[PDB]
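Before any questions on binding or motion, here is one chain by itself as structure tokens, the form deposited in one PDB entry.
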């Protein structure tokens, strides 16, 4: 009944039934293609508790997407370094982006979310009014037509892929309204169960909370859908131990004032209450 048991059963499923498969560096995983979990957002927030999730990084990363930034340095300056390797001088050069300033990830999530289809130049360019503001369209559609079956934000942009330091793993999400509740489903093409998945779940549940707040709805569910769901071979033992841990009740997420537009959210507007994860 605790929502985290779905994630733990997913990990066990992969350990038991996954097939060996290599990633881009020729390093091994056990993998299963196609999974789905449902995390309730109703009076709790699914920030996993069997291993600590880096919540500060979740929140700052999302605010960074929302501002449309593609500069890794702009997130790093918040003390969140998770995108710094992908914007490093040597990683960019290895992709043939030698003309790029360091930190310049190319047209990744924030850019596609706010400017889909605009012509990417660099991370300093001013993209005001260019391309499709998918995030605002999502919000305005939820307000005016909550039954709509087309409420989609898609970061996957086949035309821009060669410019990206990484194609998005979070390929698209869809929102859904019924009974005054806003739900969201993510299609995640590639999921590292041990490192990334718990952070991605918290990311999209946060987005859902933020959008429900500004559209006057209550959070419903977050539906997590994976493509390549995998575990690195040198995470199997730490995971088998985490798999013995009983999850603690999920924390609550509180938004500390009335906020009117998605662009107006700041770190201080949020507070996670009663988060008690198991130790390292």
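Residue numbers count along the first chain shown, from 1.
Here the subject shifts to the form deposited with a small molecule bound, a form of this protein not shown in this document.
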{"property": "Contact segment among 193-201, 94-102, 131-139, 118-126, judged by heavy atoms lying within 4.5 Å of the small molecule in the entry with it bound", "result": "193-201"}
{"property": "Proximity to the small molecule in the entry with it bound, single hit among 185, 157, 86, 76 (heavy atom within 4.5 Å)", "result": "86"}
{"property": "The small molecule: the contacting residue among 82, 177, 172, 163 in the entry with it bound [heavy atom, 4.5 Å]", "result": "82"}
